[PDB]
Each structure stands twice: as C-alpha cells, then as structure tokens.
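Undergrad: Below is run_23.cif; it holds mmCIF, C-alpha atoms and all ligand atoms.
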data_input
#
loop_
_atom_site.label_atom_id
_atom_site.label_comp_id
_atom_site.auth_asym_id
_atom_site.auth_seq_id
_atom_site.Cartn_x
_atom_site.Cartn_y
_atom_site.Cartn_z
CA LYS A 16 51.93 128.78 47.02
CA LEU A 17 50.16 132.14 46.36
CA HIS A 18 50.98 133.27 42.83
CA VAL A 19 51.10 137.01 42.12
CA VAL A 20 52.27 138.72 38.93
CA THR A 21 53.47 142.30 38.86
CA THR A 22 54.26 144.95 36.28
CA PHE A 23 57.58 146.79 36.91
CA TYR A 24 60.09 146.67 39.80
CA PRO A 25 58.54 148.87 42.52
CA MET A 26 55.31 146.89 42.24
CA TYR A 27 57.30 143.67 42.54
CA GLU A 28 59.16 144.61 45.68
CA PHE A 29 56.16 146.01 47.54
CA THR A 30 54.25 142.81 46.86
CA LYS A 31 57.12 140.43 47.70
CA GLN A 32 57.96 142.52 50.72
CA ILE A 33 54.58 141.62 52.23
CA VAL A 34 54.28 138.13 50.73
CA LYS A 35 57.87 136.94 51.08
CA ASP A 36 58.20 133.16 51.19
CA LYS A 37 54.45 132.55 51.38
CA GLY A 38 53.99 133.28 47.67
CA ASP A 39 55.57 133.18 44.22
CA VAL A 40 55.90 136.66 42.77
CA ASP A 41 57.38 137.64 39.45
CA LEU A 42 57.71 140.77 37.33
CA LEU A 43 56.48 140.99 33.76
CA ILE A 44 58.69 143.92 32.83
CA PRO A 45 62.34 142.91 33.39
CA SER A 46 64.12 145.52 35.49
CA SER A 47 66.10 146.95 32.57
CA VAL A 48 63.41 147.98 30.09
CA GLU A 49 61.20 151.08 29.87
CA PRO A 50 57.92 150.17 31.64
CA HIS A 51 56.02 153.22 30.38
CA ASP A 52 55.97 151.90 26.83
CA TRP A 53 56.34 148.19 27.56
CA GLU A 54 53.63 146.20 25.87
CA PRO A 55 52.54 142.65 26.88
CA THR A 56 52.79 139.60 24.65
CA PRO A 57 50.28 136.75 24.39
CA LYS A 58 52.59 134.80 26.70
CA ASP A 59 52.54 137.54 29.34
CA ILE A 60 48.78 137.89 29.02
CA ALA A 61 48.51 134.18 29.70
CA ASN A 62 50.70 134.29 32.78
CA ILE A 63 48.53 137.13 34.10
CA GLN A 64 45.28 135.15 34.07
CA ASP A 65 47.46 132.26 35.12
CA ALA A 66 48.32 133.92 38.47
CA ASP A 67 46.11 134.44 41.55
CA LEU A 68 46.46 138.23 41.41
CA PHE A 69 47.86 140.80 39.02
CA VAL A 70 49.33 143.96 40.56
CA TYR A 71 49.96 147.15 38.63
CA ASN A 72 50.63 150.74 39.52
CA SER A 73 48.22 152.90 37.63
CA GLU A 74 46.18 152.82 34.48
CA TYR A 75 48.16 155.95 33.51
CA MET A 76 51.36 153.99 34.09
CA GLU A 77 50.76 150.55 32.57
CA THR A 78 48.26 151.89 30.01
CA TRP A 79 47.74 148.37 28.65
CA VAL A 80 46.09 147.02 31.81
CA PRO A 81 42.49 148.22 31.32
CA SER A 82 42.52 146.52 27.91
CA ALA A 83 43.99 143.37 29.43
CA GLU A 84 41.41 143.09 32.21
CA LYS A 85 38.52 143.47 29.78
CA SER A 86 39.92 140.89 27.33
CA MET A 87 40.17 138.26 30.03
CA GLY A 88 37.49 138.10 32.70
CA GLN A 89 37.05 137.76 36.46
CA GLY A 90 37.24 134.02 37.07
CA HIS A 91 40.98 134.33 36.39
CA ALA A 92 43.53 136.53 38.21
CA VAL A 93 42.06 139.37 40.26
CA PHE A 94 43.46 142.71 39.12
CA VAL A 95 44.65 145.14 41.81
CA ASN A 96 46.10 148.60 41.39
CA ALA A 97 48.14 150.01 44.21
CA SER A 98 47.41 153.62 43.28
CA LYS A 99 43.80 153.08 44.29
CA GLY A 100 42.85 155.75 46.79
CA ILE A 101 45.64 158.15 45.85
CA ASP A 102 44.19 161.47 44.74
CA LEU A 103 46.69 161.38 41.88
CA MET A 104 48.04 164.72 40.74
CA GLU A 105 48.45 167.13 37.81
CA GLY A 106 50.09 165.08 35.08
CA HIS A 123 43.60 164.28 31.51
CA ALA A 124 47.02 162.54 31.44
CA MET A 125 47.65 162.03 35.16
CA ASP A 126 51.03 161.63 36.79
CA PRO A 127 51.51 157.94 37.83
CA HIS A 128 54.85 158.32 39.65
CA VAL A 129 53.22 158.09 43.08
CA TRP A 130 55.51 155.34 44.28
CA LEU A 131 58.29 157.96 44.26
CA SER A 132 56.81 159.21 47.54
CA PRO A 133 57.56 157.21 50.65
CA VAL A 134 54.10 158.15 51.93
CA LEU A 135 52.02 157.24 48.86
CA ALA A 136 54.28 154.16 48.80
CA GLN A 137 52.93 153.05 52.18
CA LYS A 138 49.42 153.47 50.84
CA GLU A 139 50.19 151.17 47.90
CA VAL A 140 51.64 148.62 50.28
CA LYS A 141 48.32 148.78 52.14
CA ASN A 142 46.23 148.50 48.95
CA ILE A 143 48.25 145.45 47.99
CA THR A 144 48.18 143.79 51.42
CA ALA A 145 44.37 144.00 51.22
CA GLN A 146 44.00 141.90 48.09
CA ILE A 147 46.76 139.59 49.33
CA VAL A 148 45.05 138.77 52.66
CA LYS A 149 41.74 138.43 50.87
CA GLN A 150 43.01 135.96 48.28
CA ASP A 151 44.78 133.93 50.98
CA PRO A 152 42.94 134.60 54.30
CA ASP A 153 44.72 131.69 56.02
CA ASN A 154 48.13 133.37 56.18
CA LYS A 155 46.39 136.64 57.16
CA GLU A 156 48.58 137.31 60.20
CA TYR A 157 51.75 136.55 58.23
CA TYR A 158 51.09 138.90 55.35
CA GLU A 159 49.83 141.41 57.88
CA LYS A 160 53.00 141.13 59.99
CA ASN A 161 55.43 141.69 57.11
CA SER A 162 53.33 144.57 55.74
CA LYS A 163 53.54 146.56 58.95
CA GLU A 164 57.28 146.00 59.16
CA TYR A 165 57.87 147.37 55.65
CA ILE A 166 55.55 150.40 56.22
CA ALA A 167 57.90 151.06 59.17
CA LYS A 168 61.08 151.08 57.03
CA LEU A 169 59.18 153.21 54.56
CA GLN A 170 58.27 155.58 57.41
CA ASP A 171 61.84 155.53 58.74
CA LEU A 172 62.74 156.52 55.15
CA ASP A 173 60.13 159.28 55.22
CA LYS A 174 61.68 160.80 58.36
CA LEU A 175 64.97 161.32 56.53
CA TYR A 176 63.46 163.25 53.64
CA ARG A 177 61.20 165.11 56.00
CA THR A 178 64.23 166.00 58.13
CA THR A 179 66.55 166.99 55.31
CA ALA A 180 63.81 169.10 53.75
CA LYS A 181 63.38 171.00 57.04
CA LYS A 182 67.13 171.58 57.38
CA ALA A 183 67.13 172.65 53.72
CA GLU A 184 66.72 176.28 52.69
CA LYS A 185 66.76 175.55 48.95
CA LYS A 186 63.35 173.92 48.69
CA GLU A 187 63.87 173.45 44.94
CA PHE A 188 65.83 171.23 42.57
CA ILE A 189 66.41 171.53 38.84
CA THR A 190 66.01 168.43 36.70
CA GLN A 191 65.92 167.17 33.12
CA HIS A 192 62.94 164.83 33.62
CA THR A 193 59.90 165.24 35.91
CA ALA A 194 59.00 161.92 37.47
CA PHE A 195 59.63 163.32 40.92
CA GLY A 196 56.48 165.40 41.09
CA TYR A 197 55.07 163.55 44.10
CA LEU A 198 58.32 163.49 46.01
CA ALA A 199 58.51 167.28 45.89
CA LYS A 200 54.94 167.95 46.99
CA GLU A 201 55.41 165.61 49.95
CA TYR A 202 58.23 167.81 51.22
CA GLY A 203 57.38 171.34 50.14
CA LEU A 204 60.02 171.06 47.41
CA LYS A 205 60.02 172.50 43.90
CA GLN A 206 60.93 170.32 40.92
CA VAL A 207 61.97 172.70 38.14
CA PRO A 208 62.57 170.84 34.82
CA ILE A 209 64.48 172.33 31.90
CA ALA A 210 63.87 172.57 28.17
CA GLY A 211 65.87 170.53 25.70
CA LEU A 212 67.96 168.85 28.37
CA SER A 213 69.07 165.26 27.86
CA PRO A 214 71.78 163.18 29.54
CA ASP A 215 72.86 162.01 26.08
CA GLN A 216 73.26 165.00 23.75
CA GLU A 217 74.16 168.45 25.02
CA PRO A 218 71.62 171.27 24.84
CA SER A 219 71.23 173.61 21.91
CA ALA A 220 72.87 177.01 21.92
CA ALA A 221 69.40 178.53 22.38
CA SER A 222 68.40 176.23 25.27
CA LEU A 223 71.77 176.33 27.04
CA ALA A 224 71.59 180.11 27.01
CA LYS A 225 68.12 179.82 28.51
CA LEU A 226 69.20 177.44 31.29
CA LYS A 227 72.40 179.40 31.83
CA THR A 228 70.53 182.55 32.87
CA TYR A 229 68.12 180.57 35.08
CA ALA A 230 71.15 179.39 37.04
CA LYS A 231 72.36 182.93 37.52
CA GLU A 232 69.31 183.99 39.50
CA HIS A 233 68.84 180.70 41.33
CA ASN A 234 72.48 180.01 42.19
CA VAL A 235 71.80 176.53 40.75
CA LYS A 236 74.43 174.07 41.90
CA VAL A 237 73.36 170.66 40.71
CA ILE A 238 71.23 169.32 37.85
CA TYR A 239 69.72 165.83 38.10
CA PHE A 240 68.94 163.30 35.36
CA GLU A 241 67.17 159.99 34.84
CA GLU A 242 70.45 158.16 34.22
CA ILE A 243 74.13 159.12 34.42
CA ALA A 244 75.21 162.11 32.31
CA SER A 245 77.55 161.58 29.39
CA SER A 246 80.93 163.27 29.11
CA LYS A 247 79.84 166.03 26.71
CA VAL A 248 76.78 166.96 28.76
CA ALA A 249 78.31 166.55 32.20
CA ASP A 250 81.23 168.64 30.93
CA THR A 251 79.40 171.41 29.08
CA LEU A 252 77.10 171.98 32.04
CA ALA A 253 80.12 172.35 34.32
CA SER A 254 81.83 175.08 32.32
CA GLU A 255 78.75 176.76 30.83
CA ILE A 256 76.25 176.42 33.73
CA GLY A 257 79.04 176.04 36.27
CA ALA A 258 77.08 173.20 37.85
CA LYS A 259 77.45 169.47 38.48
CA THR A 260 75.20 166.59 37.54
CA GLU A 261 73.58 164.03 39.80
CA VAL A 262 71.26 161.11 39.12
CA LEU A 263 68.07 161.07 41.24
CA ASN A 264 66.43 158.01 39.67
CA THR A 265 62.96 156.67 39.34
CA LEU A 266 62.70 153.17 40.71
CA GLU A 267 61.36 152.29 37.26
CA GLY A 268 64.16 149.83 36.80
CA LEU A 269 67.33 148.38 38.31
CA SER A 270 70.80 147.84 36.81
CA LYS A 271 72.07 144.25 36.75
CA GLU A 272 74.51 145.35 39.45
CA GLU A 273 71.85 146.64 41.84
CA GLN A 274 69.90 143.44 41.34
CA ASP A 275 72.84 141.23 42.27
CA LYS A 276 73.73 143.77 44.94
CA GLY A 277 70.18 143.70 46.28
CA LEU A 278 69.87 147.52 46.28
CA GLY A 279 66.14 148.25 46.26
CA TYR A 280 63.44 150.85 46.85
CA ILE A 281 64.73 151.92 50.24
CA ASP A 282 68.38 151.64 49.08
CA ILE A 283 68.06 153.42 45.74
CA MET A 284 65.73 155.99 47.34
CA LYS A 285 68.36 156.82 49.94
CA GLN A 286 70.75 157.38 47.07
CA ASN A 287 68.19 159.85 45.69
CA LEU A 288 68.13 161.76 48.95
CA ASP A 289 71.93 161.99 48.98
CA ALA A 290 72.00 163.62 45.54
CA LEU A 291 69.28 166.02 46.68
CA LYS A 292 71.35 167.00 49.69
CA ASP A 293 74.15 168.29 47.46
CA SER A 294 71.71 171.02 46.48
CA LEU A 295 69.26 171.58 49.31
CA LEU A 296 71.75 171.92 52.14
CA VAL A 297 73.90 174.52 50.39
MN MN B 301 58.43 157.51 34.40
#
Written as structure tokens, that's how I'd like the structure from this file.
Ligand SMILES: [Mn+2]
TA:
Amino acid sequence: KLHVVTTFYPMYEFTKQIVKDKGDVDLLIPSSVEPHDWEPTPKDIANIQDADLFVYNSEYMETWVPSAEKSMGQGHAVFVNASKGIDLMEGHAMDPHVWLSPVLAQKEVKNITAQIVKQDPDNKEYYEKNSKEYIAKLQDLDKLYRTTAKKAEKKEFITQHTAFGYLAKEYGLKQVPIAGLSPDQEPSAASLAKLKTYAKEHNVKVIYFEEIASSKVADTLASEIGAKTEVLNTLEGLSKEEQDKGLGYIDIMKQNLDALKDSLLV
C-alpha cells in the first residue's frame, strides 16, 4: 500500500530492499538514462506529490529536487534524502557519489528506513527487519573490499572518470583520473604521451572506465600504454540485461571489486 517514488536506481533498490512487498516503489529515472542531467516533466512532478514519500540521493546529485520541493508543499509527499548525515566530500560543488561506498550506503539505508517507518508506523517491525538484513549484506560486501584492500599493495587505481571518490577513501585507496581520456575516442597525441609516462613510473596495469571501452581506445591503450581496460561502474544505471538478470547493487558492486583486483593484487 505504501507508495514511494525514487530518483535513480540505487535509491530505488535501497528503498525497495527495506519496503519489499509492503509498498509500491518506482523509479523516475529509467535505469538507462543519465541521472545527473535528467530533468523532471510535469507528469513526474505530479507523481512525486502523488506518492507518500519521495526519495533522492543528494541535492548535488538530483539538482532539480530543491526546486521541486519548494514548488509543491508539505501536505503532499514527504521528501527524504538518503545522503542526510553524510559529511559529503570534496567535489562548492560537492561529490554526491556516496552510495558508491558500502558504508555510506548503509547510512542511506538507515536514513530511508527512518522516513519509511514514520510514514507507516504499523509495519514498523517489518520494515525494520528487512533493513537490518540488507545492512548485513552491505556489511558482508564491505568485508570483501576491506579485505582485498588490505591484501593489496597497490592502493591506487587509474581511471577515466571520478565517481569512485568515496569508495577509495573508505579503503585507503587512491583514485587517479586522467586527462582527455574517454571510452569512445582515443586520447590526443599530447594526452596519450602524458598518460604514457605516468604509467612508466607507476607500473600501471589496468585503466577503468564508466562503460566498456571501444576497439580503438581499448587497443591503443594496450600497445601505447601497454595496459588493459576494465569497467568499474557507478550504479547510476543498469543495462536491460542486468535488469532482467536481476544483477543489482551488491552484484554489480562485486563486479567492481573484481576489476579492481586485477590491479591491486599485482
Ligand atoms: Mn556520476
């Protein structure tokens, strides 16, 4: 019966994970479209005040929320951000990718459970039960990263993006991004020469990207940088396959650790 509306995927799962069958949860941003820039339509705005609660990640993430809450009211859906209580981090422009930390993730699950139990105090034990059980999985997940990081002597991983800033900090890891580096078009002669030398003094083995690397790129990097390319994705979205496959936060996050391994445990 409880109706909750969420922004992008990770917010959706956390919520549903604690609510399960006791509530109808949906996601405004379909898992296959950039959430960062996504902008709501009048229809979406309606469904928000239409629901019992609206869950979002951070005002620095879904930058359209603050405007939405104002142009709506309180009698309608009760807004609730999961990043509430998280000291954020060095992004003015803050870094909203906190859910990419199994620890901060737990926090969000707590922050959401709160508003959930409040809104529907009857099913209190239920929501509470599920919540604890997910925080467990999340903690079981945290052990892995915390174990692999200890057994790792690399402590640093090169990337093309930088959404993994909170995952690094949580495990004394260093996320070193590169200049003009895209998974689509290969780097410029000037950039490549810059990255190339950086790999000579860091014995760089793998380079991660937001999505799969194209032929050109994946190839050039091999010969030129003499390195490979791995994914390491932000649970910002899910491929149609993963959806039908069920692969979620814990699943896709485990994938992310694997890739890391092929660099940390060298
Ligand atoms: Mn992002």
Undergrad: Measuring between only C-alpha atoms, which one of A:133, A:197, A:89, A:258 shows the shortest distance to residue 175 in chain A?
TA: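 Going through A:133, A:197, A:89, A:258 one by one, the smallest distance to residue 175 in chain A is for A:133.
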Undergrad: List all protein, DNA and RNA residues that have an atom no more than 12 Å from any atom of ligand MN 301 (chain B), counting only C-alpha atoms and all ligand atoms, and report them as a PyMOL selection string.
TA: chain A and resi 23+25+48-53+72-73+75-77+106+125-131+192-197+241+264-268
Undergrad: Give me, as a ChimeraX atom specification, all polymer residues having an atom no more than 8 Å from range 279-285 of chain A, counting only C-alpha atoms and skipping those fewer than 4 positions away in the same chain.
TA: /A:25,28,168-169,172,264,266,273-274,289
Undergrad: Export, as a PDB file, in the frame of the given file, the selected residues with C-alpha atoms.
TA:
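Full text of again_31.pdb as output:
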ATOM      1  CA  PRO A  25      58.540 148.870  42.520  1.00  0.00           C
ATOM      2  CA  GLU A  28      59.160 144.610  45.680  1.00  0.00           C
ATOM      3  CA  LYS A 168      61.080 151.080  57.030  1.00  0.00           C
ATOM      4  CA  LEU A 169      59.180 153.210  54.560  1.00  0.00           C
ATOM      5  CA  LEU A 172      62.740 156.520  55.150  1.00  0.00           C
ATOM      6  CA  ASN A 264      66.430 158.010  39.670  1.00  0.00           C
ATOM      7  CA  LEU A 266      62.700 153.170  40.710  1.00  0.00           C
ATOM      8  CA  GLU A 273      71.850 146.640  41.840  1.00  0.00           C
ATOM      9  CA  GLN A 274      69.900 143.440  41.340  1.00  0.00           C
ATOM     10  CA  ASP A 289      71.930 161.990  48.980  1.00  0.00           C
TER      11      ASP A 289
END
Undergrad: Just the residues within 9 Å of residue 259 in chain A, please, counting all atoms listed in the file, with nothing from its chain fewer than 3 positions along; format it as JSON, numbers by chain.
TA: {"A": [236, 237, 238, 239, 249, 250, 252, 253, 256]}
Undergrad: Distance CA of residue 42 in chain A-CA of residue 71 in chain A, one decimal place?
TA: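 So the answer is 10.1 Å.
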Undergrad: Do a neighbour search on residue 86 in chain A at 12 Å with all atoms listed in the file, toss out local chain neighbours closer than 2 positions, and write the hits as a compact mmCIF listing (two decimals) with C-alpha atoms, in the frame of the given file.
TA:
# COMPACT_ATOMS: atom_id res chain seq x y z
CA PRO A 57 50.28 136.75 24.39
CA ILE A 60 48.78 137.89 29.02
CA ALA A 61 48.51 134.18 29.70
CA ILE A 63 48.53 137.13 34.10
CA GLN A 64 45.28 135.15 34.07
CA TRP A 79 47.74 148.37 28.65
CA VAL A 80 46.09 147.02 31.81
CA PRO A 81 42.49 148.22 31.32
CA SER A 82 42.52 146.52 27.91
CA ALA A 83 43.99 143.37 29.43
CA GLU A 84 41.41 143.09 32.21
CA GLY A 88 37.49 138.10 32.70
CA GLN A 89 37.05 137.76 36.46
CA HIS A 91 40.98 134.33 36.39
Undergrad: Record the distance separating CA of residue 93 in chain A and CA of residue 19 in chain A, expressed in Å with one decimal.
TA: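 Answer for the CA of residue 93 in chain A to CA of residue 19 in chain A separation: 9.5 Å.
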Undergrad: What is the CA of residue 294 in chain A to CA of residue 254 in chain A distance in Å?
TA: 17.9 Å
Undergrad: Looking at A:295, A:20, A:97, A:33, which one is nearest to residue 65 in chain A, with distances taken over all atoms listed in the file?
TA: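 For residue 65 in chain A, the nearest of the given residues is A:20.
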Undergrad: Taking all atoms listed in the file into account, name the residue in A:210, A:222, A:74, A:147 that is nearest to residue 124 in chain A.
TA: A:74
Undergrad: In terms of the shortest atom-to-atom distance over only C-alpha atoms, which of A:243, A:100, A:37, A:187 is closest to residue 291 in chain A?
TA: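 Comparing A:243, A:100, A:37, A:187 against residue 291 in chain A, the winner is A:187.
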Undergrad: How big is the axis-aligned box around all listed atoms of range 59-75 of chain A once 8 Å goes on each side, and where's its centre, in Å to one decimal, as lines of an AutoDock Vina configuration file?
TA:
center_x = 48.9
center_y = 144.1
center_z = 35.3
size_x = 23.3
size_y = 39.7
size_z = 28.5
Undergrad: Mind checking which residues fall within 12 Å of residue 226 in chain A, counting only C-alpha atoms, ignoring those fewer than 3 positions away in the same chain, and posting them as a VMD selection string?
TA: chain A and resid 189 to 191 207 to 212 218 to 223 229 to 235 238 252 255 to 258
Undergrad: Excluding residue 216 in chain A and residues on its chain fewer than 2 positions from it, collect all residues at most 9 Å away from it, counting all atoms listed in the file, and give them as a ChimeraX atom specification.
TA: /A:212-214,218,245,247-248
Undergrad: Residues proximal to (70.7, 163.7, 54.4) were defined as those with any atom within 8 Å of that point in the file's coordinates, counting all atoms listed in the file. Which are they, as a PyMOL selection string?
TA: chain A and resi 175-176+178-179+288-289+292
Undergrad: Using only C-alpha atoms, pick whichever of A:47, A:32, A:21, A:260 has the shortest atom-to-atom distance to residue 160 in chain A.
TA: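 Under the stated criterion, the closest residue is A:32.
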